[PDB]
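Here's the structure we're looking at; comments come further down.
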Amino acid sequence: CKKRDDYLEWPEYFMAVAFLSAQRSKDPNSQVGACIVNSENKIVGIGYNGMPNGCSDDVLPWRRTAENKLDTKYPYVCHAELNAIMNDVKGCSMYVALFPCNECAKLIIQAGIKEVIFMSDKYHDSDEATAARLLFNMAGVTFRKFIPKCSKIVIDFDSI
Amino acid sequence: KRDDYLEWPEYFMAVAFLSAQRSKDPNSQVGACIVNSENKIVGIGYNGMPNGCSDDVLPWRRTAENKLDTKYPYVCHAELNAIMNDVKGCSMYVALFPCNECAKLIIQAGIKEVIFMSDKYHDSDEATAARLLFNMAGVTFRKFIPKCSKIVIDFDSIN
Amino acid sequence: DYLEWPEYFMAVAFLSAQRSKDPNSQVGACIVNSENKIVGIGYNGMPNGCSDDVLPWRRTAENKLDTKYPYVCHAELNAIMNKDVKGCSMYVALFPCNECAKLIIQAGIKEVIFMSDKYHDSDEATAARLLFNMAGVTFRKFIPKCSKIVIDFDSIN
Amino acid sequence: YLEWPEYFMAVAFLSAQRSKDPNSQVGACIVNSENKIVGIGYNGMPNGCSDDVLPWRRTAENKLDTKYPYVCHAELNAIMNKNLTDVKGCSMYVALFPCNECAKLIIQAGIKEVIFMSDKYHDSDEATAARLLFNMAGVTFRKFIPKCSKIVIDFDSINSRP
Amino acid sequence: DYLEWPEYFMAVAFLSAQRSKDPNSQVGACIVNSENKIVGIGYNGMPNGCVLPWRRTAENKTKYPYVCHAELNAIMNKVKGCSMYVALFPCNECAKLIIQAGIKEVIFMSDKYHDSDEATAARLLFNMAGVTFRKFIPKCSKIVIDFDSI
Amino acid sequence: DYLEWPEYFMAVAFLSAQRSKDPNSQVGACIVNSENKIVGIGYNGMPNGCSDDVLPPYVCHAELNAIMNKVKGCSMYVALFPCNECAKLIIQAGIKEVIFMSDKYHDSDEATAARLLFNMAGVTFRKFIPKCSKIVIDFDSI
Ligand SMILES: [Cl-]
Ligand SMILES: [Cl-]
Ligand SMILES: [Cl-]
Ligand SMILES: [Cl-]
Ligand SMILES: [Zn+2]
Ligand SMILES: [Zn+2]
Ligand SMILES: [Zn+2]
Ligand SMILES: [Zn+2]
Ligand SMILES: [Zn+2]
Ligand SMILES: [Zn+2]
């Protein structure tokens, strides 16, 4: 009687926590998650994109375009990376579904996170992503693309 | 806003079930998740051998002549590991109702509520003693009823 | 004539501003708990390990990547990252922008005490007020009993 | 004067006298690298369950009428009695060599050393399991050899003639 | 026999006192929070990193110029709204530390020096600052720790 | 022309002194860790709860209050060189360095005993020599 060979390994596990957390998002157009892990391979912070604490997802607007900027989500929304850090984390790594914008890059650096592991870099050519890479390069923060062993993971509550 | 997002009860129990998938135990995979009053996760655990103890030398079987040739003298339950990963005033989501030994730890850690998926062994001495201890310590417990039976995580969904 | 706690903490925020290497704008911030301990201090600048003269400080340029705005960190962000702060109050020179407002709310800060609100009618300021209103974070203008405070190191001798 | 190892073991033994267990009293003391006491424990019922309602007896018709299902060992209580954040890297002084269930806790807590006075149950299965886990995990353990066998605490000593 | 919390805490203070290398006085202190956790332990002695040199110079410029008191050491090892168990009623300097530490109660075994100026000054400081002090009355005078007992 | 850390921290010490209701003298102290974070601030005054008391001994020094207000390996910035009682507190707290502005009571018994204790225990004491002589906080600047 020996150990399992088919268990979930730690890299897929941490990114899966990020993607699971993203499913909590009330944003109809974008759901992103983040997971911060320390040198002990323990999770120290988790976040998803949404409105700030105490603020109703049925009181602030979710639309991406409007005549007045104040009628869009952008003045109000918190990115997954911000929420994970606000949930020390110095010498840690962040698993993220999407390469961080430059504003998140600032927080990541000031939080003392030394490594960002991303699933998608879909907006690589964006100003936001270009500024983020430059900040990480100057700060000595690693960023690398996650290459998963599997494309999907099933949580079955009836397995118990 | 979306009207199909993952709600927090299902999320916290999903975290416990995901963590259980890391277990090297061939017969039982159990996870637990501790959550504070701000609805933040403060601890996650699954069942396994202690830190630095190889899953190859230590036995995984459930029965043998000598108990030292079974997993029971060596294995750490999900609840222990969740706690060892303060937690005073928190809630614990766990796939299986805690044993009495886990109940002791849960009480001494200051956990106030236990939310469980399965109570398979309700009539066991372990579960019976666990309930009494919780009753006396003022730790409440309740069965979790999922909004659905499965959750799929797709890493390609971001693309 | 002794300095009061609020004057002291606003003084610490303004003092902290003088640490800034921004050639055009110097801003400071101080975070305090209910026991009147300073829990965080911040000033505006580039992220840790950066602008060793390398990132731009200019306010206008051909494209925004040549300006400081994609790179610079506000005093409020740095104060929060400079040491939890749940149940604390933040002393700021200027009313925080909506981006700092998000961070303040998520940090669990419950009170912002500001000197100036000169951009009150801006979208950034408006969004900040709305978010604080919804999150239950109060904000009040600081009324100093003294406009100036002099620190002379030779005063002791 | 009392040296530090004798002192920390004496705190463990003194703490055991807090126990309401009428047949066995065990104490444990957790100490960090600066010789600061970071946790103290003794054997007892869990928090909120100590008001002389649970059974202390060792034999009965039914196991649920004994102490064993309910009692917390000293090591468990010391660890749970202050994770000032944590007790990682600390040493535990305990009256008896820990059982294998306490071994699990001690390992997962990040304790690096166990100093014990008695190993009277060393030929036990539980003791063998404990040693295996400690040795595998890299937790060092050593038997305490005290400079003296008895320590007297006297409240009159502050007022009395030396 | 069985020890109640107060006897246990005073016993920790007295046990700690035995670590002292001071030949003239051995004093201990034990600081306890509202949940009966020990948050600080101290005994009297010389400063950290120290026959100490220059003693005659220090004496001329008390007979104990270098000593650090049990109460000072317990506080430095710690204190919210705690209680302090101490073998000997605190002096006036220790009273200030205890007040500034936030300690609300001092439980003392000996008040040998009640009529001293230090103790009088200490009582006044405690009364001004709202810090309770009360004399501890033990059951048995002696507690024996026997390492063979297991 | 930006303020550097040492001047900043001594300025905080001097700013803290102005919290003092003591009409005779005002001293301040600021404790800093190796990451340049303020971890404790103090000024001289009456014990907690006793600021409305006058008693024609009672006073708590800046250094004591800074340590009580929240430090092993830290540095303390102080407006005045510590007395011997504060030196004991500084040593037992594990503070490694005292940076002082004034030592105008150097030949006193108190300051001499303090130096002796710091010498025995290996606490470094450093005369602060500031770049700028004065700093002005201007609330109307915003
Ligand atoms: Cl793009
Ligand atoms: Cl940009
Ligand atoms: Cl805006
Ligand atoms: Cl066994
Ligand atoms: Zn972002
Ligand atoms: Zn269990
Ligand atoms: Zn801002
Ligand atoms: Zn045990
Ligand atoms: Zn004293
Ligand atoms: Zn002094």
Side-chain angles (χ1 to χ4, degrees), chain C residues 1-12 30 32-39 88-89 91 111 113 142-146 149 151 155-156, chain E residues 71-72 75 79-82 84 90-106 118 120-133, chain F residues 12-31 38-70 76-80 82-83 85-86 89 137:
Chain C
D1 52 349
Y2 70 100
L3 215 53
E4 308 264 36
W5 273 126
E7 275 104 67
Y8 171 71
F9 295 131
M10 191 63 78
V12 171
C30 183
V32 182
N33 66 10
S34 59
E35 308 165 316
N36 290 335
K37 297 187 183 196
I38 294 179
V39 297
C88 292
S89 313
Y91 289 77
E111 187 174 24
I113 300 150
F142 174 68
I143 310 95
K145 296 182 171 196
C146 59
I149 297 171
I151 309 312
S155 65
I156 191 67
Chain E
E71 297 91 321
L72 178 162
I75 289 167
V79 283
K80 198 193 74 202
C82 294
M84 175 178 283
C91 76
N92 51 297
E93 298 287 349
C94 285
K96 295 179 185 197
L97 289 78
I98 288 160
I99 294 161
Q100 296 317 83
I103 292 164
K104 311 307 298 187
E105 189 173 39
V106 174
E118 287 87 356
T120 309
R123 290 195 297 282
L124 179 53
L125 280 170
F126 289 148
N127 291 318
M128 295 181 219
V131 172
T132 297
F133 52 93
Chain F
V12 172
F14 274 69
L15 194 58
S16 304
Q18 305 193 17
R19 289 238 66 246
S20 189
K21 301 180 194 181
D22 186 304
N24 300 306
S25 51
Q26 300 84 47
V27 176
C30 176
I31 302 166
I38 299 177
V39 297
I41 284 134
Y43 51 92
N44 59 313
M46 296 294 289
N48 283 337
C50 305
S51 60
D52 207 21
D53 306 352
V54 183
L55 302 89
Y58 307 111
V59 73
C60 300
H61 291 172
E63 298 90 317
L64 183 162
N65 285 327
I67 293 172
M68 293 314 313
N69 287 8
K70 213 147 68 213
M76 182 180 283
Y77 287 82
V78 293
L80 185 59
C83 74
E85 294 296 331
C86 288
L89 281 52
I137 306 302

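Just so it is clear: chains get the letters A, B, ... in the order the sequence lines come, proteins before strands, and each one is counted from 1.
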A side-chain contact here means heavy atoms from C-beta on lying under 4.5 Å apart; do [X] and [Y] qualify?
| X | Y | value |
| --- | --- | --- |
| F:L55 | E:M128 | yes |
| E:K104 | E:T132 | no |
| F:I31 | F:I67 | yes |
| F:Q18 | C:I151 | yes |
| E:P90 | E:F126 | yes |

For the student: nearest non-hydrogen atoms of [X] and [Y], plus distance:
| X | Y | value |
| --- | --- | --- |
| F:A29 | F:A62 | CB-O, 3.8 Å |
| F:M76 | F:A66 | CE-CB, 4.3 Å |
| F:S16 | F:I41 | OG-CG2, 3.0 Å |
| E:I103 | E:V131 | O-CG2, 3.3 Å |
| E:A121 | E:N92 | CB-CB, 3.8 Å |
| E:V79 | E:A101 | CG2-O, 3.0 Å |

Show your reasoning for whether side-chain hydrogen bond (donor to acceptor under 3.5 Å, both in side chains) applies to E:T120 and E:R123.
-> CA-CA 5 Å; E:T120 309; E:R123 290 195 297 282; 3.2 Å; yes

Relative to each other, are the rings of C:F9 and C:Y91 parallel, tilted or perpendicular (30° and 60° limits)?
->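 Aromatic pair C:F9/C:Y91 classed tilted.
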
Going by the angle between their ring planes, with limits at 30° and 60°, are C:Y8 and C:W5 parallel, tilted or perpendicular?
->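 Judged by the thresholds at 30° and 60°, the geometry between C:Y8 and C:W5 is perpendicular.
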
How long is the gap from [atom1] on [X] to [atom2] on [Y], to the nearest 0.5 Å?
| X | Y | atom1 | atom2 | answer |
| --- | --- | --- | --- | --- |
| E:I98 | E:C91 | CD1 | SG | 8.0 Å |
| C:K145 | C:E4 | NZ | CD | 4.5 Å |
| C:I38 | F:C30 | CD1 | SG | 7.5 Å |
| C:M10 | C:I149 | CE | CD1 | 10.5 Å |
| E:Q100 | F:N69 | CD | CG | 8.0 Å |
| F:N65 | E:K96 | CG | NZ | 10.0 Å |

Which is it for E:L124 and F:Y58 under the side chain to side chain contact (heavy atoms under 4.5 Å, CB included) test, yes or no, and what are the steps along the way?
-> CA-CA 10 Å; E:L124 179 53; F:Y58 307 111; 3.9 Å; yes

For F:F14 and C:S155, what are the C-alpha separation, side-chain angles and deciding distance, and is it a side chain to side chain contact (heavy atoms under 4.5 Å, CB included)?
-> CA-CA 9 Å; F:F14 274 69; C:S155 65; 3.6 Å; yes

May I have the step-by-step check of side chain to side chain contact (heavy atoms under 4.5 Å, CB included) for E:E71 and E:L97, ending in yes or no?
-> CA-CA 8 Å; E:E71 297 91 321; E:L97 289 78; over 6 Å; no

Report yes or no: do C:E111 and C:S89 form a side-chain donor-acceptor pair below 3.5 Å?
->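 Per modelled atom types, C:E111 and C:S89 side chains form a pair under 3.5 Å.
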
Does the C:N33 side chain pair with the main chain of C:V39, one donor and one acceptor, at a distance under 3.5 Å?
->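 Answer holds: no.
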
